[PDB]
Amino acid sequence: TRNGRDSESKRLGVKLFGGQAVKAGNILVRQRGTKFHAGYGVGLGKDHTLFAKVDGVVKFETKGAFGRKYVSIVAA
Amino acid sequence: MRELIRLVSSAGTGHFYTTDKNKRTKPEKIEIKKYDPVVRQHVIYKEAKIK
Amino acid sequence: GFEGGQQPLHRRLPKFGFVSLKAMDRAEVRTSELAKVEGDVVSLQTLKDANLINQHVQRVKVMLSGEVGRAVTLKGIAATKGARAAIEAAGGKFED
Amino acid sequence: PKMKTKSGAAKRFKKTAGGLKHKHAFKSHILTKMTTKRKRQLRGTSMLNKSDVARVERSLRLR
RNA sequence: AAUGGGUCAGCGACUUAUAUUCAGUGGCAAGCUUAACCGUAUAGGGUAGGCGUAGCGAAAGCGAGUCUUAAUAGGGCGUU
RNA sequence: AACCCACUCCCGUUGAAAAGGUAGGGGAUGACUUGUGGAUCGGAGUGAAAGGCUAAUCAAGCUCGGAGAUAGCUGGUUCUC
RNA sequence: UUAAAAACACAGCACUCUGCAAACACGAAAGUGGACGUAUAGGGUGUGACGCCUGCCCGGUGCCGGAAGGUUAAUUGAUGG
RNA sequence: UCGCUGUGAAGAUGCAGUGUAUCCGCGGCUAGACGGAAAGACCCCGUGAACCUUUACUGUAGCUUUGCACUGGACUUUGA
RNA sequence: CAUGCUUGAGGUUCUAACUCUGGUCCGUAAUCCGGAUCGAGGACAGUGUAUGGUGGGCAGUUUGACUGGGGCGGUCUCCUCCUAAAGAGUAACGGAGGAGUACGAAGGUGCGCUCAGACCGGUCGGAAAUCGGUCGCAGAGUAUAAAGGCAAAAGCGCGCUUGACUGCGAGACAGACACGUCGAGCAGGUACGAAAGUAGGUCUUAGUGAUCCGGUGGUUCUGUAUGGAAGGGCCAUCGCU
Ligand SMILES: *C(=O)[C@H](CCSC)NC=O
Ligand SMILES: [Mg+2]
Ligand SMILES: [Mg+2]
Ligand SMILES: [Mg+2]
Ligand SMILES: [Mg+2]
Ligand SMILES: [Mg+2]
Ligand SMILES: [Mg+2]
Ligand SMILES: [Mg+2]
Ligand SMILES: [Mg+2]
Ligand SMILES: [Mg+2]
Ligand SMILES: [Mg+2]
Ligand SMILES: [Mg+2]
Ligand SMILES: [Mg+2]
Ligand SMILES: [Mg+2]
Ligand SMILES: [Mg+2]
Ligand SMILES: [Mg+2]
Ligand SMILES: [Mg+2]
Ligand SMILES: [Mg+2]
Ligand SMILES: [Mg+2]
Ligand SMILES: [Mg+2]
Ligand SMILES: [Mg+2]
Ligand SMILES: [Mg+2]
Ligand SMILES: [Mg+2]
Ligand SMILES: [Mg+2]
Ligand SMILES: [Mg+2]
Ligand SMILES: [Mg+2]
Ligand SMILES: [Mg+2]
Ligand SMILES: [Mg+2]
Ligand SMILES: [Mg+2]
Ligand SMILES: [Mg+2]
Ligand SMILES: [Mg+2]
Ligand SMILES: [Mg+2]
Ligand SMILES: [Mg+2]
Ligand SMILES: [Mg+2]
Ligand SMILES: [Mg+2]
Ligand SMILES: [Mg+2]
Ligand SMILES: [Mg+2]
Ligand SMILES: [Mg+2]
Ligand SMILES: [Mg+2]
Ligand SMILES: [Mg+2]
Ligand SMILES: [Mg+2]
Ligand SMILES: [Mg+2]
Ligand SMILES: [Mg+2]
Ligand SMILES: [Mg+2]
Ligand SMILES: [Mg+2]
Ligand SMILES: [Mg+2]
Ligand SMILES: [Mg+2]
Ligand SMILES: [Mg+2]
Ligand SMILES: [Mg+2]
Ligand SMILES: [Mg+2]
Ligand SMILES: [Mg+2]
Ligand SMILES: [Mg+2]
Ligand SMILES: [Mg+2]
Ligand SMILES: [Mg+2]
Ligand SMILES: [Mg+2]
Ligand SMILES: [Mg+2]
Ligand SMILES: [Mg+2]
Ligand SMILES: [Mg+2]
Ligand SMILES: [Mg+2]
Ligand SMILES: [Mg+2]
Ligand SMILES: [Mg+2]
Ligand SMILES: [Mg+2]
Ligand SMILES: [Mg+2]
Ligand SMILES: [Mg+2]
Ligand SMILES: [Mg+2]
Ligand SMILES: [Mg+2]
Ligand SMILES: [Mg+2]
Ligand SMILES: [Mg+2]
Ligand SMILES: [Mg+2]
Ligand SMILES: [Mg+2]
Ligand SMILES: [Mg+2]
Ligand SMILES: [Mg+2]
Ligand SMILES: [Mg+2]
Ligand SMILES: [Mg+2]
Ligand SMILES: [Mg+2]
Ligand SMILES: [Mg+2]
Ligand SMILES: [Mg+2]
Ligand SMILES: [Mg+2]
Ligand SMILES: [Mg+2]
Ligand SMILES: [Mg+2]
Ligand SMILES: [Mg+2]
Ligand SMILES: [Mg+2]
Ligand SMILES: [Mg+2]
Ligand SMILES: [Mg+2]
Ligand SMILES: [Mg+2]
Ligand SMILES: [Mg+2]
Ligand SMILES: [Mg+2]
Ligand SMILES: [Mg+2]
Ligand SMILES: [Mg+2]
Ligand SMILES: [Mg+2]
Ligand SMILES: [Mg+2]
Ligand SMILES: [Mg+2]
Ligand SMILES: [Mg+2]
Ligand SMILES: [Mg+2]
Ligand SMILES: [Mg+2]
């Protein structure tokens, strides 16, 4: 056997789901690459982390050309 | 391998930065502009010995 | 402090600071304790006539706490700015 | 007889009215490869964790 | 079909000292309490000392504030 | 042959015996056997050498102290709701 | 006190050390054995009557000899800070 | 204080089903009572123990080099 | 450079220290021991102390764990995919691959542009170089494995440059602890751009090692009678297959 290796799990994924109340600075999605793109009121980190710049409600809409998926914040 | 150096400000203050470089490929001394907290201006820094 | 062989906290973190031997001759006194000396003179030896300070104390400072009871005069004892007004307001002369 | 406090515990944890202070690790050497933000945030002093107070106090003979 | 005990009677294993933390129950109370020692000897005296009434800082120091900092900006710890 | 020894078989193995007995066996003027007295010893003695012997105890005697060594290991831990 | 043997000893052989207050051993030391001996003697090591013999390798590790050169301790203390 | 076939800490005098069998000795034989004896010696484990080895680590007796002391006079070569 | 003054080093010699397990006298009736005297050696030997070498002769100890029993073999920290059951997490001596770096530009910014490949024509190259045209839309590329991304291209070129800045930091994610990850905004100074603006390294996830100890640069701290210093503290940094 010449196989026994693996790496620690990074705990990626959606942290806040749709309809939830966000506060500014909260982390929304942890990603490799941009599987979700930043919408209104959402910024992108230097490792493709989606966080919140304003307060409100998570939206999770897909729109526009290229058929992307957008995470935005709307008024509660 | 990259070897550590020090960048010391042109101002008389003893403040310095630290980094590394490729001594084999780039032999000329690094002459960079950086911010000096002690005098609170952007001045010229020059390479020295990390040791 | 044992943890099963893992490096314990008292050896995992750095030591820091030094112990000031200058502060071992120091004492602090509230303004609410000033109305307990015998009569109208708050001095180093008079604070030792009660049990306000130990016999090994040489420097005393007064901070602001509580209220001053009467009009006392301080003989070579320091005070803060809040206690300077409190002592002075109740006729308490300050000198030396 | 009298309890003897651990010598090395008293040099690393200082008692205050807000608990026990201590410094941070990973700040002794190998500091060029670290980020300035990472080194700036390891600079102050902080309070002991709720899970370490019991085992540290017992080393300092405080409980 | 793993251990131990043939049976009876007697003996046979969480104690003590000194330091300390938490709880219950009391005495005093911004104060409480004495140790050696003296003693008309479980009384009375002896308050040297210990804890509390103020914190922040590695420290000098300043103090209801203090530390970091160029910063009465932020932030940590503290205060009715 | 006496004396010293211990090669084989059987018996005995709770033995007559904590190493024997009956039958056979080896040396038997020598590097022999033996009495009495004396010398060497515990990391030490002595050894024609088997790690053998040093009071039925030996890859370090016995005895009294350090000492109730230490035991993350077995065993045990006593009346009632 | 489960092994008596092909094991140990042996006469014979070789190497090596030792010039005497000998090498060597037991003793903090004094001293004692070697030995009231003196290289045809004494200690250590291996082989093991007798017969015929005992071949090649000095690179490794030991021992013996050499002292030019290189490194090298306590000690001393120029010079600088 | 029975046999068998099953079940079951997995090889049953004692459990299930079933078959056999009046109560108790004495002389014999050893198939079972995982029969008695010795807290398995083999194997593994313990941050266990002894004793042995070596170019394991760290020391050390002994042996050996030089400086200083006990320790002096003269001549000669040679250096500063 | 004869010459005088001291010292370093070697050689020879002398006697007077020291040595004699050499002779003869005495204590004494004595192979010990002393003292006296002859003889030999002689500042050597030997002993004390400081120091280098050798030294299993002797001693106190160490010599890992996992493991379909132990040994032998293999592994031990980090990253990517599957196992993993459509939130996170999830084991085996399960199935497959990488890391222990690189870059002063391969970073920042303003401006500009799109690939691989196929076919047709064209001087030697000829299946495949450089050239022109048509088709194509990502089958290319990304410093480096794999996964997830990439048109405001995160891919390629050029000008200017040092934000690969200093003090912080609302709020979160992860989490036994120690560590780890993201970050709008504020204050100082900057770089590109006409400006809105963007910049607290690189498309993201590996490229790493606590404390102690010791060194180097600063310092409004301390500094055992006092004034200094030594030493200590604080801040920045260096030394661990
Ligand atoms: C092995 O066969 C074992 C020990 C034998 S002695 C090495 N058997 C025991 O009966
Ligand atoms: Mg595997
Ligand atoms: Mg693998
Ligand atoms: Mg896993
Ligand atoms: Mg960003
Ligand atoms: Mg460990
Ligand atoms: Mg008092
Ligand atoms: Mg202490
Ligand atoms: Mg570090
Ligand atoms: Mg530091
Ligand atoms: Mg039974
Ligand atoms: Mg059993
Ligand atoms: Mg049983
Ligand atoms: Mg048992
Ligand atoms: Mg058992
Ligand atoms: Mg029994
Ligand atoms: Mg109480
Ligand atoms: Mg009460
Ligand atoms: Mg504040
Ligand atoms: Mg006889
Ligand atoms: Mg015999
Ligand atoms: Mg026999
Ligand atoms: Mg026999
Ligand atoms: Mg017969
Ligand atoms: Mg006979
Ligand atoms: Mg016979
Ligand atoms: Mg015969
Ligand atoms: Mg005798
Ligand atoms: Mg004796
Ligand atoms: Mg012994
Ligand atoms: Mg043997
Ligand atoms: Mg022996
Ligand atoms: Mg015996
Ligand atoms: Mg022993
Ligand atoms: Mg004994
Ligand atoms: Mg015992
Ligand atoms: Mg003891
Ligand atoms: Mg029990
Ligand atoms: Mg009962
Ligand atoms: Mg025989
Ligand atoms: Mg033999
Ligand atoms: Mg000989
Ligand atoms: Mg032989
Ligand atoms: Mg032979
Ligand atoms: Mg040779
Ligand atoms: Mg040679
Ligand atoms: Mg030689
Ligand atoms: Mg069955
Ligand atoms: Mg049964
Ligand atoms: Mg059965
Ligand atoms: Mg049956
Ligand atoms: Mg039954
Ligand atoms: Mg039954
Ligand atoms: Mg039945
Ligand atoms: Mg029978
Ligand atoms: Mg039977
Ligand atoms: Mg049996
Ligand atoms: Mg036992
Ligand atoms: Mg057992
Ligand atoms: Mg263990
Ligand atoms: Mg040993
Ligand atoms: Mg020596
Ligand atoms: Mg000498
Ligand atoms: Mg002699
Ligand atoms: Mg004599
Ligand atoms: Mg004489
Ligand atoms: Mg003479
Ligand atoms: Mg001499
Ligand atoms: Mg000498
Ligand atoms: Mg000597
Ligand atoms: Mg030894
Ligand atoms: Mg040894
Ligand atoms: Mg050794
Ligand atoms: Mg020891
Ligand atoms: Mg020991
Ligand atoms: Mg050992
Ligand atoms: Mg070890
Ligand atoms: Mg193991
Ligand atoms: Mg198994
Ligand atoms: Mg198996
Ligand atoms: Mg196995
Ligand atoms: Mg192995
Ligand atoms: Mg699921
Ligand atoms: Mg999942
Ligand atoms: Mg599990
Ligand atoms: Mg690998
Ligand atoms: Mg790039
Ligand atoms: Mg073309
Ligand atoms: Mg575009
Ligand atoms: Mg969480
Ligand atoms: Mg401009
Ligand atoms: Mg250490
Ligand atoms: Mg002084
Ligand atoms: Mg002083
Ligand atoms: Mg200093």
# chains A, B, ... in the order shown; residues from 1 in each chain; ligands from 1
>>> residues_around(residues="range 25-35 of chain C", least_positions_apart="6", cutoff="12 Å", atoms="only C-alpha atoms (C1' of nucleotides)", output="MDAnalysis selection string")
(chainID C and resid 41:44 46:48 50:74 77:80 82:88 90 92) or (chainID E and resid 30:31 53:54 63)
>>> write_last_selection(atoms="C-alpha atoms (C1' of nucleotides)", output="PDB file, in the first residue's frame")
ATOM      1  CA  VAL C  41      -3.226  66.414  60.386  1.00  0.00           C
ATOM      2  CA  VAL C  42      -2.873  63.636  57.807  1.00  0.00           C
ATOM      3  CA  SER C  43       0.828  62.722  57.792  1.00  0.00           C
ATOM      4  CA  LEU C  44       2.788  59.548  57.165  1.00  0.00           C
ATOM      5  CA  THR C  46      -0.368  59.779  61.680  1.00  0.00           C
ATOM      6  CA  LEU C  47      -1.674  57.323  59.082  1.00  0.00           C
ATOM      7  CA  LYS C  48       0.347  54.657  60.918  1.00  0.00           C
ATOM      8  CA  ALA C  50      -4.375  54.167  62.886  1.00  0.00           C
ATOM      9  CA  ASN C  51      -4.154  51.092  60.647  1.00  0.00           C
ATOM     10  CA  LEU C  52      -4.404  52.882  57.315  1.00  0.00           C
ATOM     11  CA  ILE C  53      -0.911  51.870  56.137  1.00  0.00           C
ATOM     12  CA  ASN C  54       1.772  49.373  57.129  1.00  0.00           C
ATOM     13  CA  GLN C  55       4.956  50.305  58.960  1.00  0.00           C
ATOM     14  CA  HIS C  56       7.133  49.691  55.880  1.00  0.00           C
ATOM     15  CA  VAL C  57       5.404  52.266  53.647  1.00  0.00           C
ATOM     16  CA  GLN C  58       7.204  55.467  52.630  1.00  0.00           C
ATOM     17  CA  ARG C  59       5.134  56.915  49.746  1.00  0.00           C
ATOM     18  CA  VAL C  60       1.382  57.526  49.972  1.00  0.00           C
ATOM     19  CA  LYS C  61      -1.017  58.861  47.338  1.00  0.00           C
ATOM     20  CA  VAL C  62      -4.667  59.807  47.838  1.00  0.00           C
ATOM     21  CA  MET C  63      -7.275  58.883  45.217  1.00  0.00           C
ATOM     22  CA  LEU C  64     -10.893  60.007  44.957  1.00  0.00           C
ATOM     23  CA  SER C  65     -13.308  57.577  46.605  1.00  0.00           C
ATOM     24  CA  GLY C  66     -16.238  58.374  48.839  1.00  0.00           C
ATOM     25  CA  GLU C  67     -16.545  61.695  50.647  1.00  0.00           C
ATOM     26  CA  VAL C  68     -14.205  63.661  52.891  1.00  0.00           C
ATOM     27  CA  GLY C  69     -15.454  63.934  56.464  1.00  0.00           C
ATOM     28  CA  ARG C  70     -13.796  67.095  57.802  1.00  0.00           C
ATOM     29  CA  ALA C  71     -11.092  69.693  57.106  1.00  0.00           C
ATOM     30  CA  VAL C  72      -7.677  68.035  57.272  1.00  0.00           C
ATOM     31  CA  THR C  73      -4.227  69.221  56.219  1.00  0.00           C
ATOM     32  CA  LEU C  74      -1.908  66.869  54.343  1.00  0.00           C
ATOM     33  CA  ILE C  77       1.248  63.381  50.814  1.00  0.00           C
ATOM     34  CA  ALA C  78       0.400  63.345  47.111  1.00  0.00           C
ATOM     35  CA  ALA C  79      -3.111  63.391  45.662  1.00  0.00           C
ATOM     36  CA  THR C  80      -4.885  63.123  42.327  1.00  0.00           C
ATOM     37  CA  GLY C  82     -10.141  64.748  41.674  1.00  0.00           C
ATOM     38  CA  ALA C  83      -8.989  64.293  45.269  1.00  0.00           C
ATOM     39  CA  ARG C  84      -7.204  67.657  45.184  1.00  0.00           C
ATOM     40  CA  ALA C  85     -10.553  69.370  44.656  1.00  0.00           C
ATOM     41  CA  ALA C  86     -12.400  67.120  47.118  1.00  0.00           C
ATOM     42  CA  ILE C  87      -9.927  67.770  49.939  1.00  0.00           C
ATOM     43  CA  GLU C  88      -9.777  71.490  49.150  1.00  0.00           C
ATOM     44  CA  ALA C  90     -14.196  70.844  52.435  1.00  0.00           C
ATOM     45  CA  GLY C  92      -9.012  70.948  53.733  1.00  0.00           C
TER      46      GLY C  92
ATOM     47  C1'   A E  30     -16.818  49.837  55.547  1.00  0.00           C
ATOM     48  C1'   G E  31     -14.713  47.186  58.267  1.00  0.00           C
ATOM     49  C1'   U E  53     -12.882  49.489  50.620  1.00  0.00           C
ATOM     50  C1'   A E  54      -9.763  50.991  42.855  1.00  0.00           C
ATOM     51  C1'   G E  63      -6.153  57.481  38.706  1.00  0.00           C
TER      52        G E  63
END
>>> residues_near_ligand(ligand="ligand 45", cutoff="10 Å", atoms="only C-alpha atoms (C1' of nucleotides) and all ligand atoms", output="VMD selection string")
chain G and resid 58 to 63
>>> write_last_selection(atoms="N, CA, C and O atoms (P, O5', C5', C4', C3', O3' and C1' of nucleotides)", output="PDB file, in the first residue's frame")
ATOM      1  P     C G  58      50.787  -6.598   0.795  1.00  0.00           P
ATOM      2  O5'   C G  58      50.113  -6.178   2.169  1.00  0.00           O
ATOM      3  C5'   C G  58      48.967  -5.340   2.194  1.00  0.00           C
ATOM      4  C4'   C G  58      49.053  -4.314   3.294  1.00  0.00           C
ATOM      5  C3'   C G  58      50.314  -3.452   3.295  1.00  0.00           C
ATOM      6  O3'   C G  58      49.970  -2.142   3.736  1.00  0.00           O
ATOM      7  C1'   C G  58      50.097  -4.513   5.367  1.00  0.00           C
ATOM      8  P     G G  59      50.020  -0.901   2.723  1.00  0.00           P
ATOM      9  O5'   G G  59      48.531  -0.783   2.179  1.00  0.00           O
ATOM     10  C5'   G G  59      47.447  -0.582   3.069  1.00  0.00           C
ATOM     11  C4'   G G  59      46.128  -0.494   2.342  1.00  0.00           C
ATOM     12  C3'   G G  59      44.910  -0.278   3.222  1.00  0.00           C
ATOM     13  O3'   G G  59      44.730   1.069   3.616  1.00  0.00           O
ATOM     14  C1'   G G  59      44.467  -2.038   1.734  1.00  0.00           C
ATOM     15  P     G G  60      44.749   1.463   5.173  1.00  0.00           P
ATOM     16  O5'   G G  60      43.500   0.697   5.790  1.00  0.00           O
ATOM     17  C5'   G G  60      42.185   1.204   5.631  1.00  0.00           C
ATOM     18  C4'   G G  60      41.192   0.452   6.477  1.00  0.00           C
ATOM     19  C3'   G G  60      41.452   0.446   7.972  1.00  0.00           C
ATOM     20  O3'   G G  60      40.988   1.624   8.603  1.00  0.00           O
ATOM     21  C1'   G G  60      40.913  -1.739   7.242  1.00  0.00           C
ATOM     22  P     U G  61      41.910   2.407   9.655  1.00  0.00           P
ATOM     23  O5'   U G  61      41.829   1.528  10.974  1.00  0.00           O
ATOM     24  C5'   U G  61      40.591   1.278  11.615  1.00  0.00           C
ATOM     25  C4'   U G  61      40.719   0.160  12.614  1.00  0.00           C
ATOM     26  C3'   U G  61      41.894   0.257  13.571  1.00  0.00           C
ATOM     27  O3'   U G  61      41.659   1.138  14.654  1.00  0.00           O
ATOM     28  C1'   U G  61      41.792  -1.921  12.686  1.00  0.00           C
ATOM     29  P     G G  62      42.885   1.688  15.534  1.00  0.00           P
ATOM     30  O5'   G G  62      43.384   0.407  16.336  1.00  0.00           O
ATOM     31  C5'   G G  62      44.507   0.481  17.196  1.00  0.00           C
ATOM     32  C4'   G G  62      45.003  -0.887  17.574  1.00  0.00           C
ATOM     33  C3'   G G  62      46.467  -0.959  17.966  1.00  0.00           C
ATOM     34  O3'   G G  62      46.677  -0.609  19.321  1.00  0.00           O
ATOM     35  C1'   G G  62      45.967  -2.682  16.422  1.00  0.00           C
ATOM     36  P     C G  63      47.677   0.582  19.712  1.00  0.00           P
ATOM     37  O5'   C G  63      49.110  -0.099  19.681  1.00  0.00           O
ATOM     38  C5'   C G  63      49.395  -1.234  20.482  1.00  0.00           C
ATOM     39  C4'   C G  63      50.498  -2.069  19.885  1.00  0.00           C
ATOM     40  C3'   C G  63      51.796  -1.344  19.591  1.00  0.00           C
ATOM     41  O3'   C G  63      52.599  -1.177  20.741  1.00  0.00           O
ATOM     42  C1'   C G  63      51.205  -2.687  17.742  1.00  0.00           C
TER      43        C G  63
END
>>> interface_residues(of="chain D", to="chain E", cutoff="12 Å", atoms="only C-alpha atoms (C1' of nucleotides)", output="short mmCIF file (atom, residue, chain, number, x, y, z; two decimals) with N, CA, C and O atoms, in the first residue's frame")
data_model
loop_
_atom_site.label_atom_id
_atom_site.label_comp_id
_atom_site.auth_asym_id
_atom_site.auth_seq_id
_atom_site.Cartn_x
_atom_site.Cartn_y
_atom_site.Cartn_z
N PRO D 1 2.04 21.62 54.81
CA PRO D 1 2.51 22.99 55.06
C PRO D 1 1.93 23.98 54.07
O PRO D 1 0.85 23.74 53.54
N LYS D 2 2.63 25.08 53.84
CA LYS D 2 2.20 26.04 52.84
C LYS D 2 2.24 25.43 51.45
O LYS D 2 3.10 24.59 51.14
N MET D 3 1.31 25.83 50.60
CA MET D 3 1.34 25.41 49.21
C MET D 3 2.32 26.26 48.43
O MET D 3 2.40 27.47 48.62
N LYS D 4 3.07 25.61 47.54
CA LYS D 4 4.08 26.27 46.73
C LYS D 4 3.52 26.52 45.34
O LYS D 4 3.16 25.58 44.64
N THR D 5 3.44 27.79 44.95
CA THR D 5 2.97 28.10 43.60
C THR D 5 4.02 27.67 42.58
O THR D 5 5.22 27.74 42.83
N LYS D 11 5.14 33.44 36.07
CA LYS D 11 5.83 34.31 35.13
C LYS D 11 5.08 34.50 33.83
O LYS D 11 5.42 35.40 33.06
N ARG D 12 4.05 33.69 33.56
CA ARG D 12 3.33 33.74 32.31
C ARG D 12 1.89 34.21 32.44
O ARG D 12 1.30 34.62 31.44
N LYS D 14 -0.54 36.81 34.76
CA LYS D 14 -0.60 37.86 35.77
C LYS D 14 -2.05 38.08 36.18
O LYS D 14 -2.94 38.14 35.32
N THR D 16 -5.31 39.98 37.49
CA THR D 16 -5.94 41.29 37.46
C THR D 16 -7.36 41.17 38.02
O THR D 16 -7.80 40.09 38.40
N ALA D 17 -8.07 42.29 38.08
CA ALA D 17 -9.47 42.23 38.45
C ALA D 17 -10.34 41.65 37.34
O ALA D 17 -11.49 41.29 37.59
N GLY D 18 -9.81 41.57 36.12
CA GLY D 18 -10.56 41.02 35.01
C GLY D 18 -10.17 39.61 34.64
O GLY D 18 -10.52 39.14 33.55
N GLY D 19 -9.45 38.92 35.52
CA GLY D 19 -8.99 37.57 35.27
C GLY D 19 -7.47 37.49 35.27
O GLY D 19 -6.80 38.19 36.03
N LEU D 20 -6.94 36.63 34.41
CA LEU D 20 -5.50 36.41 34.29
C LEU D 20 -5.05 36.78 32.89
O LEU D 20 -5.55 36.23 31.91
N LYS D 21 -4.09 37.70 32.80
CA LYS D 21 -3.52 38.08 31.52
C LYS D 21 -2.48 37.07 31.07
O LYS D 21 -1.94 36.31 31.86
N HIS D 22 -2.20 37.08 29.77
CA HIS D 22 -1.08 36.34 29.21
C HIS D 22 -0.78 36.88 27.82
O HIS D 22 -1.61 37.55 27.21
N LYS D 23 0.42 36.58 27.34
CA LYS D 23 0.85 36.97 26.01
C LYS D 23 0.51 35.87 25.00
O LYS D 23 -0.01 34.81 25.35
N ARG D 40 0.46 41.88 13.85
CA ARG D 40 -0.14 42.99 14.57
C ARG D 40 -1.22 42.52 15.54
O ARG D 40 -1.39 43.11 16.61
N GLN D 41 -1.93 41.45 15.19
CA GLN D 41 -3.02 40.94 15.99
C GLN D 41 -2.57 39.94 17.04
O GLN D 41 -3.40 39.47 17.82
N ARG D 43 -0.11 40.88 19.21
CA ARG D 43 0.81 41.79 19.90
C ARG D 43 0.40 42.14 21.32
O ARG D 43 1.27 42.32 22.17
N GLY D 44 -0.89 42.26 21.60
CA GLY D 44 -1.32 42.66 22.92
C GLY D 44 -1.30 41.52 23.92
O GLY D 44 -0.67 40.48 23.71
N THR D 45 -1.99 41.74 25.03
CA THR D 45 -2.22 40.72 26.04
C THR D 45 -3.71 40.46 26.13
O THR D 45 -4.53 41.34 25.85
N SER D 46 -4.07 39.24 26.50
CA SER D 46 -5.47 38.83 26.50
C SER D 46 -5.77 38.00 27.74
O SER D 46 -4.89 37.71 28.55
N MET D 47 -7.04 37.62 27.89
CA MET D 47 -7.52 36.92 29.06
C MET D 47 -7.53 35.41 28.83
O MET D 47 -7.66 34.94 27.70
N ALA D 54 -9.54 26.84 35.41
CA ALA D 54 -9.51 25.87 36.50
C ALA D 54 -8.16 25.19 36.61
O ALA D 54 -7.61 25.06 37.71
N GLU D 57 -5.38 28.04 37.61
CA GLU D 57 -5.51 28.43 39.01
C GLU D 57 -4.96 27.36 39.94
O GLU D 57 -4.31 27.66 40.93
N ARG D 58 -5.23 26.10 39.62
CA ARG D 58 -4.76 25.00 40.45
C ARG D 58 -3.24 24.88 40.40
O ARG D 58 -2.63 24.34 41.33
N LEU D 60 -1.33 27.72 40.12
CA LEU D 60 -0.96 28.89 40.90
C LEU D 60 -1.45 28.80 42.34
O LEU D 60 -1.27 29.76 43.10
N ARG D 61 -2.07 27.69 42.72
CA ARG D 61 -2.58 27.45 44.07
C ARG D 61 -3.66 28.46 44.45
O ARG D 61 -3.80 28.81 45.62
N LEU D 62 -4.43 28.92 43.48
CA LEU D 62 -5.54 29.83 43.73
C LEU D 62 -6.87 29.11 43.91
O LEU D 62 -7.88 29.77 44.17
N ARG D 63 -6.89 27.79 43.78
CA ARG D 63 -8.10 27.01 44.00
C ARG D 63 -7.75 25.54 44.15
O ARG D 63 -8.58 24.72 44.56
#
>>> residues_near_ligand(ligand="ligand 40", cutoff="9 Å", atoms="only C-alpha atoms (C1' of nucleotides) and all ligand atoms", output="list in words")
residues 7 and 26 of chain F; 4 and 5 of chain G
>>> write_last_selection(atoms="C-alpha atoms (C1' of nucleotides)", output="PDB file, in the first residue's frame")
ATOM      1  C1'   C F   7      28.694 -44.890  33.528  1.00  0.00           C
ATOM      2  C1'   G F  26      35.909 -46.475  36.673  1.00  0.00           C
TER       3        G F  26
ATOM      4  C1'   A G   4      31.316 -37.142  32.056  1.00  0.00           C
ATOM      5  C1'   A G   5      31.599 -35.732  26.642  1.00  0.00           C
TER       6        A G   5
END
>>> residues_around(residues="range 151-162 of chain I", least_positions_apart="6", cutoff="8 Å", atoms="only C-alpha atoms (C1' of nucleotides)", output="list in words")
residues 32, 33 and 34 of chain B; 108, 112, 113, 114, 141, 142, 191, 192 and 203 of chain I
>>> residues_near_ligand(ligand="ligand 47", cutoff="10 Å", atoms="only C-alpha atoms (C1' of nucleotides) and all ligand atoms", output="list in words")
residues 64, 65, 66 and 67 of chain G
>>> closest_atom_pairs(of="chain D", to="chain C", cutoff="9 Å", atoms="only C-alpha atoms", output="tab-separated table")
residue	atom	partner	partner_atom	distance
D:6	CA	C:10	CA	8.9
D:8	CA	C:10	CA	6.1
D:9	CA	C:10	CA	5.0
D:10	CA	C:10	CA	8.6
D:11	CA	C:15	CA	5.3
D:12	CA	C:15	CA	4.5
D:13	CA	C:15	CA	8.1
D:22	CA	C:13	CA	7.8
D:23	CA	C:14	CA	6.4
D:24	CA	C:13	CA	6.4
D:25	CA	C:13	CA	5.5
D:26	CA	C:13	CA	8.9
D:28	CA	C:14	CA	8.6
D:52	CA	C:9	CA	8.5
D:55	CA	C:1	CA	6.2
D:56	CA	C:1	CA	6.8
D:58	CA	C:1	CA	7.7
D:59	CA	C:1	CA	5.9
>>> residues_around(residues="range 42-58 of chain H", least_positions_apart="4", cutoff="8 Å", atoms="only C-alpha atoms (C1' of nucleotides)", output="PyMOL selection string")
(chain F and resi 59) or (chain I and resi 56+62+69-70)
>>> residues_around(residues="residue 33 in chain E", least_positions_apart="6", cutoff="10 Å", atoms="only C-alpha atoms (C1' of nucleotides)", output="ChimeraX atom specification")
/E:47,50-51
>>> residues_around(residues="residue 64 in chain H", least_positions_apart="3", cutoff="12 Å", atoms="only C-alpha atoms (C1' of nucleotides)", output="PyMOL selection string")
chain I and resi 52-55
>>> select_by_dssp(residues="chain D", states="strand (DSSP E or B)", output="PyMOL selection string")
chain D and resi 14-16+19-22+46-47
>>> write_last_selection(atoms="C-alpha atoms", output="PDB file, in the first residue's frame")
ATOM      1  CA  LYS D  14      -0.602  37.862  35.768  1.00  0.00           C
ATOM      2  CA  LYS D  15      -3.629  38.320  38.013  1.00  0.00           C
ATOM      3  CA  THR D  16      -5.944  41.294  37.458  1.00  0.00           C
ATOM      4  CA  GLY D  19      -8.993  37.565  35.268  1.00  0.00           C
ATOM      5  CA  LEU D  20      -5.503  36.406  34.295  1.00  0.00           C
ATOM      6  CA  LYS D  21      -3.525  38.084  31.518  1.00  0.00           C
ATOM      7  CA  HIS D  22      -1.085  36.336  29.209  1.00  0.00           C
ATOM      8  CA  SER D  46      -5.472  38.827  26.504  1.00  0.00           C
ATOM      9  CA  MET D  47      -7.522  36.917  29.064  1.00  0.00           C
TER      10      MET D  47
END
